[PDB]
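Here is the file structure.pdb (PDB, N, CA and C atoms).
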ATOM      1  N   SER A   1     186.037 265.687 -15.445
ATOM      2  CA  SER A   1     187.129 266.537 -14.932
ATOM      3  C   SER A   1     187.489 266.123 -13.508
ATOM      4  N   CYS A   2     186.579 266.366 -12.577
ATOM      5  CA  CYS A   2     186.796 265.995 -11.188
ATOM      6  C   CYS A   2     186.204 264.620 -10.916
ATOM      7  N   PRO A   3     187.016 263.685 -10.405
ATOM      8  CA  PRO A   3     186.549 262.343 -10.062
ATOM      9  C   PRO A   3     185.518 262.386  -8.937
ATOM     10  N   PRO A   4     184.388 261.674  -9.113
ATOM     11  CA  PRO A   4     183.287 261.656  -8.142
ATOM     12  C   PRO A   4     183.760 261.416  -6.712
ATOM     13  N   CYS A   5     183.629 262.446  -5.893
ATOM     14  CA  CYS A   5     184.024 262.389  -4.493
ATOM     15  C   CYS A   5     183.203 261.340  -3.748
ATOM     16  N   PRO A   6     183.831 260.628  -2.796
ATOM     17  CA  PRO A   6     183.153 259.600  -1.996
ATOM     18  C   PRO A   6     182.092 260.193  -1.072
ATOM     19  N   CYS A   7     182.129 261.507  -0.902
ATOM     20  CA  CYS A   7     181.145 262.205  -0.099
ATOM     21  C   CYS A   7     180.122 262.863  -1.006
ATOM     22  N   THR A   8     179.251 262.039  -1.519
ATOM     23  CA  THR A   8     178.263 262.454  -2.508
ATOM     24  C   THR A   8     177.064 263.161  -1.882
ATOM     25  N   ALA A   9     176.958 263.101  -0.555
ATOM     26  CA  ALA A   9     175.790 263.623   0.160
ATOM     27  C   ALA A   9     175.584 265.120  -0.060
ATOM     28  N   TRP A  10     176.636 265.795  -0.494
ATOM     29  CA  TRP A  10     176.571 267.224  -0.795
ATOM     30  C   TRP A  10     175.789 267.490  -2.097
ATOM     31  N   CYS A  11     176.275 268.431  -2.904
ATOM     32  CA  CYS A  11     175.601 268.845  -4.135
ATOM     33  C   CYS A  11     175.337 267.657  -5.069
ATOM     34  N   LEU A  12     176.194 266.641  -5.007
ATOM     35  CA  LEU A  12     176.111 265.498  -5.921
ATOM     36  C   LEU A  12     174.838 264.673  -5.717
ATOM     37  N   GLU A  13     174.185 264.829  -4.570
ATOM     38  CA  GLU A  13     172.919 264.142  -4.327
ATOM     39  C   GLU A  13     171.767 264.856  -5.025
ATOM     40  N   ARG A  14     172.032 266.062  -5.501
ATOM     41  CA  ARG A  14     171.027 266.855  -6.189
ATOM     42  C   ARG A  14     171.138 266.637  -7.694
ATOM     43  N   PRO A  15     170.093 266.051  -8.310
ATOM     44  CA  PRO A  15     170.077 265.728  -9.746
ATOM     45  C   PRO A  15     170.399 266.928 -10.635
ATOM     46  N   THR A  16     169.978 268.112 -10.202
ATOM     47  CA  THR A  16     170.235 269.341 -10.942
ATOM     48  C   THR A  16     171.728 269.688 -10.945
ATOM     49  N   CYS A  17     172.448 269.199  -9.944
ATOM     50  CA  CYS A  17     173.859 269.519  -9.781
ATOM     51  C   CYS A  17     174.702 268.710 -10.760
ATOM     52  N   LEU A  18     174.192 267.540 -11.138
ATOM     53  CA  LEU A  18     174.883 266.660 -12.078
ATOM     54  C   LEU A  18     174.983 267.303 -13.457
ATOM     55  N   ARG A  19     174.148 268.304 -13.700
ATOM     56  CA  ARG A  19     174.163 269.012 -14.973
ATOM     57  C   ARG A  19     175.452 269.807 -15.125
ATOM     58  N   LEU A  20     175.749 270.616 -14.117
ATOM     59  CA  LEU A  20     176.852 271.565 -14.188
ATOM     60  C   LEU A  20     178.162 270.963 -13.679
ATOM     61  N   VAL A  21     178.069 269.837 -12.967
ATOM     62  CA  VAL A  21     179.222 269.243 -12.271
ATOM     63  C   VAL A  21     180.391 268.927 -13.218
ATOM     64  N   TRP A  22     180.106 268.840 -14.511
ATOM     65  CA  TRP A  22     181.138 268.587 -15.507
ATOM     66  C   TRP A  22     182.218 269.675 -15.464
ATOM     67  N   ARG A  23     181.810 270.935 -15.570
ATOM     68  CA  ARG A  23     182.743 272.051 -15.447
ATOM     69  C   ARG A  23     182.769 272.596 -14.016
ATOM     70  N   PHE A  24     181.607 272.616 -13.371
ATOM     71  CA  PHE A  24     181.469 273.184 -12.033
ATOM     72  C   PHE A  24     181.653 272.125 -10.958
ATOM     73  N   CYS A  25     182.813 271.501 -10.937
ATOM     74  CA  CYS A  25     183.112 270.519  -9.912
ATOM     75  C   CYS A  25     184.047 271.116  -8.864
ATOM     76  N   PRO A  26     183.537 271.324  -7.642
ATOM     77  CA  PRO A  26     184.323 271.876  -6.542
ATOM     78  C   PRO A  26     185.223 270.815  -5.910
ATOM     79  N   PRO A  27     186.183 271.230  -5.068
ATOM     80  CA  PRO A  27     187.075 270.297  -4.376
ATOM     81  C   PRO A  27     186.299 269.367  -3.457
ATOM     82  N   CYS A  28     186.695 268.102  -3.435
ATOM     83  CA  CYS A  28     186.012 267.089  -2.646
ATOM     84  C   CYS A  28     186.113 267.386  -1.158
ATOM     85  N   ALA A  29     185.077 268.017  -0.631
ATOM     86  CA  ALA A  29     185.014 268.330   0.782
ATOM     87  C   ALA A  29     184.484 267.139   1.566
ATOM     88  N   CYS A  30     185.266 266.076   1.604
ATOM     89  CA  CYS A  30     184.886 264.877   2.330
ATOM     90  C   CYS A  30     185.494 264.904   3.725
TER      91      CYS A  30
END

Starting from the file, give its structure as structure tokens.
Amino acid sequence: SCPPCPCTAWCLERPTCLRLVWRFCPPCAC
């Protein structure tokens, strides 16, 4: 859904976050 933001240091660095990120993808706060 949401294209992987270049600022991955946020929730995306957390392996558990990759689970929900499919539907639960917030705006790229880069």

Neighbour list for residue 1 (chain A) as a PyMOL selection string, cut-off 7 Å, only N, CA and C atoms, skip fewer than 4 positions in-chain: chain A and resi 21-23

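Taking atom C of residue 16 (chain A) and atom N of residue 30 (chain A) as the two end points, the separation is 18.8 Å.
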
Report as a list in words all protein, DNA and RNA residues lying within 8 Å of residue 28 (chain A), evaluated on only N, CA and C atoms, omitting residues in the same chain fewer than 4 positions from it.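 In the requested format, the answer is residues 3, 4, 5, 6 and 7 of chain A.
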
Once you have the residues from the selection above, write them out as a PDB file, keeping the file's coordinate frame, restricted to N, CA and C atoms.
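Final output, out.pdb:
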ATOM      1  N   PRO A   3     187.016 263.685 -10.405  1.00  0.00           N
ATOM      2  CA  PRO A   3     186.549 262.343 -10.062  1.00  0.00           C
ATOM      3  C   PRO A   3     185.518 262.386  -8.937  1.00  0.00           C
ATOM      4  N   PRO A   4     184.388 261.674  -9.113  1.00  0.00           N
ATOM      5  CA  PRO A   4     183.287 261.656  -8.142  1.00  0.00           C
ATOM      6  C   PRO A   4     183.760 261.416  -6.712  1.00  0.00           C
ATOM      7  N   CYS A   5     183.629 262.446  -5.893  1.00  0.00           N
ATOM      8  CA  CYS A   5     184.024 262.389  -4.493  1.00  0.00           C
ATOM      9  C   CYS A   5     183.203 261.340  -3.748  1.00  0.00           C
ATOM     10  N   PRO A   6     183.831 260.628  -2.796  1.00  0.00           N
ATOM     11  CA  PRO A   6     183.153 259.600  -1.996  1.00  0.00           C
ATOM     12  C   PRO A   6     182.092 260.193  -1.072  1.00  0.00           C
ATOM     13  N   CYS A   7     182.129 261.507  -0.902  1.00  0.00           N
ATOM     14  CA  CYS A   7     181.145 262.205  -0.099  1.00  0.00           C
ATOM     15  C   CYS A   7     180.122 262.863  -1.006  1.00  0.00           C
TER      16      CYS A   7
END

Residue list (alpha helix (DSSP H), DSSP) for chain A, as an MDAnalysis selection string: chainID A and resid 17:20

Could you write those residues out with N, CA and C atoms, as a CSV table (one decimal), keeping the file's coordinate frame?
chain,number,residue,atom,x,y,z
A,17,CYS,N,172.4,269.2,-9.9
A,17,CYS,CA,173.9,269.5,-9.8
A,17,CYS,C,174.7,268.7,-10.8
A,18,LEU,N,174.2,267.5,-11.1
A,18,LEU,CA,174.9,266.7,-12.1
A,18,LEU,C,175.0,267.3,-13.5
A,19,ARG,N,174.1,268.3,-13.7
A,19,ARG,CA,174.2,269.0,-15.0
A,19,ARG,C,175.5,269.8,-15.1
A,20,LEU,N,175.7,270.6,-14.1
A,20,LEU,CA,176.9,271.6,-14.2
A,20,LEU,C,178.2,271.0,-13.7

By how many Å are atom N of residue 18 (chain A) and atom N of residue 2 (chain A) apart?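 Calculated distance between atom N of residue 18 (chain A) and atom N of residue 2 (chain A) is 12.5 Å.
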
Can I get region 1-22 of chain A with N, CA, C and O atoms filled in, as an mmCIF file, keeping the file's coordinate frame?
data_model
loop_
_atom_site.group_PDB
_atom_site.id
_atom_site.type_symbol
_atom_site.label_atom_id
_atom_site.label_comp_id
_atom_site.auth_asym_id
_atom_site.auth_seq_id
_atom_site.Cartn_x
_atom_site.Cartn_y
_atom_site.Cartn_z
ATOM 1 N N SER A 1 186.037 265.687 -15.445
ATOM 2 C CA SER A 1 187.129 266.537 -14.932
ATOM 3 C C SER A 1 187.489 266.123 -13.508
ATOM 4 O O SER A 1 188.564 265.578 -13.263
ATOM 5 N N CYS A 2 186.579 266.366 -12.577
ATOM 6 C CA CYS A 2 186.796 265.995 -11.188
ATOM 7 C C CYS A 2 186.204 264.620 -10.916
ATOM 8 O O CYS A 2 185.024 264.383 -11.188
ATOM 9 N N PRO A 3 187.016 263.685 -10.405
ATOM 10 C CA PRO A 3 186.549 262.343 -10.062
ATOM 11 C C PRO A 3 185.518 262.386 -8.937
ATOM 12 O O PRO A 3 185.720 263.067 -7.931
ATOM 13 N N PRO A 4 184.388 261.674 -9.113
ATOM 14 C CA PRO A 4 183.287 261.656 -8.142
ATOM 15 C C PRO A 4 183.760 261.416 -6.712
ATOM 16 O O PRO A 4 184.244 260.333 -6.375
ATOM 17 N N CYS A 5 183.629 262.446 -5.893
ATOM 18 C CA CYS A 5 184.024 262.389 -4.493
ATOM 19 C C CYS A 5 183.203 261.340 -3.748
ATOM 20 O O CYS A 5 182.019 261.155 -4.031
ATOM 21 N N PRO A 6 183.831 260.628 -2.796
ATOM 22 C CA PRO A 6 183.153 259.600 -1.996
ATOM 23 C C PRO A 6 182.092 260.193 -1.072
ATOM 24 O O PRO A 6 181.256 259.476 -0.532
ATOM 25 N N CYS A 7 182.129 261.507 -0.902
ATOM 26 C CA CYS A 7 181.145 262.205 -0.099
ATOM 27 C C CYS A 7 180.122 262.863 -1.006
ATOM 28 O O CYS A 7 180.133 264.067 -1.230
ATOM 29 N N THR A 8 179.251 262.039 -1.519
ATOM 30 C CA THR A 8 178.263 262.454 -2.508
ATOM 31 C C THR A 8 177.064 263.161 -1.882
ATOM 32 O O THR A 8 176.269 263.774 -2.592
ATOM 33 N N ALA A 9 176.958 263.101 -0.555
ATOM 34 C CA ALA A 9 175.790 263.623 0.160
ATOM 35 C C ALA A 9 175.584 265.120 -0.060
ATOM 36 O O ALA A 9 174.496 265.648 0.173
ATOM 37 N N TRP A 10 176.636 265.795 -0.494
ATOM 38 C CA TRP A 10 176.571 267.224 -0.795
ATOM 39 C C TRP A 10 175.789 267.490 -2.097
ATOM 40 O O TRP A 10 174.764 266.854 -2.359
ATOM 41 N N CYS A 11 176.275 268.431 -2.904
ATOM 42 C CA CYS A 11 175.601 268.845 -4.135
ATOM 43 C C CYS A 11 175.337 267.657 -5.069
ATOM 44 O O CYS A 11 174.357 267.651 -5.808
ATOM 45 N N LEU A 12 176.194 266.641 -5.007
ATOM 46 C CA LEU A 12 176.111 265.498 -5.921
ATOM 47 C C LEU A 12 174.838 264.673 -5.717
ATOM 48 O O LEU A 12 174.455 263.903 -6.597
ATOM 49 N N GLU A 13 174.185 264.829 -4.570
ATOM 50 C CA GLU A 13 172.919 264.142 -4.327
ATOM 51 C C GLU A 13 171.767 264.856 -5.025
ATOM 52 O O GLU A 13 170.662 264.322 -5.130
ATOM 53 N N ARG A 14 172.032 266.062 -5.501
ATOM 54 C CA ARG A 14 171.027 266.855 -6.189
ATOM 55 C C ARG A 14 171.138 266.637 -7.694
ATOM 56 O O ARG A 14 172.145 266.990 -8.303
ATOM 57 N N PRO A 15 170.093 266.051 -8.310
ATOM 58 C CA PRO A 15 170.077 265.728 -9.746
ATOM 59 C C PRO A 15 170.399 266.928 -10.635
ATOM 60 O O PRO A 15 171.020 266.782 -11.687
ATOM 61 N N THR A 16 169.978 268.112 -10.202
ATOM 62 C CA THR A 16 170.235 269.341 -10.942
ATOM 63 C C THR A 16 171.728 269.688 -10.945
ATOM 64 O O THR A 16 172.220 270.360 -11.855
ATOM 65 N N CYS A 17 172.448 269.199 -9.944
ATOM 66 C CA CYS A 17 173.859 269.519 -9.781
ATOM 67 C C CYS A 17 174.702 268.710 -10.760
ATOM 68 O O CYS A 17 175.770 269.146 -11.191
ATOM 69 N N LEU A 18 174.192 267.540 -11.138
ATOM 70 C CA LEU A 18 174.883 266.660 -12.078
ATOM 71 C C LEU A 18 174.983 267.303 -13.457
ATOM 72 O O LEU A 18 175.804 266.904 -14.280
ATOM 73 N N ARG A 19 174.148 268.304 -13.700
ATOM 74 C CA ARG A 19 174.163 269.012 -14.973
ATOM 75 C C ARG A 19 175.452 269.807 -15.125
ATOM 76 O O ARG A 19 176.157 269.682 -16.123
ATOM 77 N N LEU A 20 175.749 270.616 -14.117
ATOM 78 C CA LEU A 20 176.852 271.565 -14.188
ATOM 79 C C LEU A 20 178.162 270.963 -13.679
ATOM 80 O O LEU A 20 179.232 271.505 -13.941
ATOM 81 N N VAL A 21 178.069 269.837 -12.967
ATOM 82 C CA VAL A 21 179.222 269.243 -12.271
ATOM 83 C C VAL A 21 180.391 268.927 -13.218
ATOM 84 O O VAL A 21 181.531 268.766 -12.779
ATOM 85 N N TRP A 22 180.106 268.840 -14.511
ATOM 86 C CA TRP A 22 181.138 268.587 -15.507
ATOM 87 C C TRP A 22 182.218 269.675 -15.464
ATOM 88 O O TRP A 22 183.403 269.371 -15.336
#
